[PDB]
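Here's the structure, in structure tokens; my notes come after.
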Amino acid sequence: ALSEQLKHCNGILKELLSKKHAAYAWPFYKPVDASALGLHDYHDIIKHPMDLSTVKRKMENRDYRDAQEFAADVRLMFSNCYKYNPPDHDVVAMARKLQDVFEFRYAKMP
Ligand SMILES: CC(=O)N1CCc2c(sc3nc(SCC(=O)Nc4cccnc4C)n(Cc4ccco4)c(=O)c23)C1
């Protein structure tokens, strides 16, 4: 039985993957495939890749100790996007919008 706080995190994760946010969540569904995207410097710049499917697997495997560890992975995902891509890139605009959704509901932690 997940703790109350980790149940809240699982709900956040379900919302982030839902159709309601799919227009800006889609770049974060799967690990960045640097070779497929021609981003041949991605893994020289990003040392710890993260994506929503990895967060989902770690939640299902009970990897996360607490809500703080879950939130660190979600924020690592956004930070990687801000680090690698130029600030005017469309994916950065999508990252900002998905992070806005995350931060406001994470703040409602019970
Ligand atoms: C999280 C993060 O930092 N990422 C780096 C940047 C990026 C992605 S996913 C993605 N899709 C596209 S286009 C459709 C696509 O390529 N799909 C695809 C194809 C082959 C293999 N895997 C996929 C998903 N473009 C180009 C573009 C310019 C404006 C919006 O999108 C991207 O820059 C990215 C992840």
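Convention: chains lettered A, B, ... in structure tokens order; per-chain residue numbering from 1; ligands numbered from 1 as shown.
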7 Å shell around ligand 1 using only C-alpha atoms and all ligand atoms, listed as a PDB file with N, CA, C and O atoms, in the first residue's frame:
ATOM      1  N   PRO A  27       6.592  15.140 -26.025  1.00  0.00           N
ATOM      2  CA  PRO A  27       8.058  15.002 -26.109  1.00  0.00           C
ATOM      3  C   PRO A  27       8.679  14.301 -24.913  1.00  0.00           C
ATOM      4  O   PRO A  27       9.861  13.937 -24.979  1.00  0.00           O
ATOM      5  N   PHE A  28       7.924  14.097 -23.835  1.00  0.00           N
ATOM      6  CA  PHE A  28       8.452  13.566 -22.588  1.00  0.00           C
ATOM      7  C   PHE A  28       7.914  12.176 -22.267  1.00  0.00           C
ATOM      8  O   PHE A  28       8.172  11.662 -21.175  1.00  0.00           O
ATOM      9  N   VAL A  32      14.568  10.207 -24.602  1.00  0.00           N
ATOM     10  CA  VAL A  32      15.068  10.897 -25.785  1.00  0.00           C
ATOM     11  C   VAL A  32      15.891   9.920 -26.605  1.00  0.00           C
ATOM     12  O   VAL A  32      16.902   9.389 -26.129  1.00  0.00           O
ATOM     13  N   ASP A  33      15.448   9.658 -27.833  1.00  0.00           N
ATOM     14  CA  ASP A  33      16.201   8.833 -28.775  1.00  0.00           C
ATOM     15  C   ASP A  33      17.098   9.783 -29.554  1.00  0.00           C
ATOM     16  O   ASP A  33      16.713  10.330 -30.587  1.00  0.00           O
ATOM     17  N   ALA A  36      17.906   8.841 -33.281  1.00  0.00           N
ATOM     18  CA  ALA A  36      16.772   9.016 -34.185  1.00  0.00           C
ATOM     19  C   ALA A  36      16.509  10.488 -34.473  1.00  0.00           C
ATOM     20  O   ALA A  36      16.100  10.845 -35.584  1.00  0.00           O
ATOM     21  N   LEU A  37      16.748  11.356 -33.494  1.00  0.00           N
ATOM     22  CA  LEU A  37      16.520  12.785 -33.650  1.00  0.00           C
ATOM     23  C   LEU A  37      17.748  13.533 -34.157  1.00  0.00           C
ATOM     24  O   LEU A  37      17.689  14.758 -34.303  1.00  0.00           O
ATOM     25  N   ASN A  80      16.761  18.730 -17.827  1.00  0.00           N
ATOM     26  CA  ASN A  80      17.500  18.244 -18.989  1.00  0.00           C
ATOM     27  C   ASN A  80      17.044  18.961 -20.251  1.00  0.00           C
ATOM     28  O   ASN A  80      17.865  19.347 -21.090  1.00  0.00           O
ATOM     29  N   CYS A  81      15.732  19.166 -20.382  1.00  0.00           N
ATOM     30  CA  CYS A  81      15.193  19.848 -21.551  1.00  0.00           C
ATOM     31  C   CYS A  81      15.668  21.296 -21.612  1.00  0.00           C
ATOM     32  O   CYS A  81      16.044  21.788 -22.684  1.00  0.00           O
ATOM     33  N   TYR A  84      19.566  21.209 -22.544  1.00  0.00           N
ATOM     34  CA  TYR A  84      20.035  20.795 -23.861  1.00  0.00           C
ATOM     35  C   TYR A  84      19.530  21.709 -24.975  1.00  0.00           C
ATOM     36  O   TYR A  84      20.297  22.068 -25.877  1.00  0.00           O
ATOM     37  N   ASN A  85      18.248  22.065 -24.954  1.00  0.00           N
ATOM     38  CA  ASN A  85      17.622  22.747 -26.077  1.00  0.00           C
ATOM     39  C   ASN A  85      17.763  24.260 -25.944  1.00  0.00           C
ATOM     40  O   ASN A  85      17.906  24.781 -24.833  1.00  0.00           O
ATOM     41  N   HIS A  89      13.220  27.002 -28.413  1.00  0.00           N
ATOM     42  CA  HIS A  89      12.766  25.766 -29.029  1.00  0.00           C
ATOM     43  C   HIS A  89      11.333  25.448 -28.607  1.00  0.00           C
ATOM     44  O   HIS A  89      10.918  25.729 -27.479  1.00  0.00           O
ATOM     45  N   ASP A  90      10.572  24.858 -29.535  1.00  0.00           N
ATOM     46  CA  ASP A  90       9.182  24.515 -29.244  1.00  0.00           C
ATOM     47  C   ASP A  90       9.074  23.540 -28.080  1.00  0.00           C
ATOM     48  O   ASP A  90       8.124  23.617 -27.293  1.00  0.00           O
ATOM     49  N   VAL A  91      10.027  22.617 -27.952  1.00  0.00           N
ATOM     50  CA  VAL A  91       9.949  21.642 -26.870  1.00  0.00           C
ATOM     51  C   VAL A  91      10.152  22.321 -25.517  1.00  0.00           C
ATOM     52  O   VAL A  91       9.606  21.871 -24.501  1.00  0.00           O
TER      53      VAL A  91
END
Next on the checklist: I need the residues in chain A that are alpha helix (DSSP H) according to DSSP; give them as a PyMOL selection string.
Outcome noted: chain A and resi 4-16+22-25+42-45+52-60+67-84+90-106
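Take the candidates A:79, A:6, A:1, A:39 and check each one against residue 64 of chain A using only C-alpha atoms; the shortest distance goes to A:6.
Distance-wise, atom CA of residue 43 of chain A and atom CA of residue 26 of chain A end up 20.4 Å apart.
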Item to check | Contacts of residue 66 of chain A at 8 Å (only C-alpha atoms; same-chain gap of 3+ positions) as a PyMOL selection string | outcome: chain A and resi 5-6+69-70
Deliver the residues from the most recent selection as a file, using N, CA and C atoms, as a CSV table (one decimal), in the first residue's frame.
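File selection28.csv, as written:
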chain,number,residue,atom,x,y,z
A,5,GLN,N,1.2,10.3,0.3
A,5,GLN,CA,1.9,11.2,-0.6
A,5,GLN,C,2.3,10.5,-1.9
A,6,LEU,N,2.7,9.3,-1.8
A,6,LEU,CA,3.0,8.6,-3.1
A,6,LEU,C,1.8,8.3,-3.9
A,69,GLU,N,11.6,12.1,-3.7
A,69,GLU,CA,12.4,11.4,-4.8
A,69,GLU,C,11.7,11.4,-6.1
A,70,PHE,N,10.3,11.2,-6.1
A,70,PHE,CA,9.5,11.2,-7.3
A,70,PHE,C,9.7,12.6,-8.0
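Using only C-alpha atoms, the shortest contact distance between residue 105 of chain A and any of A:53, A:10, A:35, A:61 is found at A:10.
Distance check against residue 46 of chain A using only C-alpha atoms: of A:2, A:34, A:17, A:22, the minimum falls on A:34.
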Checklist entry - Could you pull the residues within 10 Å of residue 31 of chain A, counting only C-alpha atoms, minus those fewer than 4 positions along the same chain, as a PyMOL selection string? => result chain A and resi 27+49-54+77
Okay, now the selection with C-alpha atoms, as a PDB file, in the first residue's frame?
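Written file, part38.pdb:
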ATOM      1  CA  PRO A  27       8.058  15.002 -26.109  1.00  0.00           C
ATOM      2  CA  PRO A  49      18.312  11.217 -18.879  1.00  0.00           C
ATOM      3  CA  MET A  50      14.765  11.018 -17.547  1.00  0.00           C
ATOM      4  CA  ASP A  51      11.291  10.690 -19.045  1.00  0.00           C
ATOM      5  CA  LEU A  52       7.731   9.944 -17.990  1.00  0.00           C
ATOM      6  CA  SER A  53       7.864   6.255 -18.948  1.00  0.00           C
ATOM      7  CA  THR A  54      10.883   5.775 -16.674  1.00  0.00           C
ATOM      8  CA  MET A  77      13.334  15.602 -16.822  1.00  0.00           C
TER       9      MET A  77
END
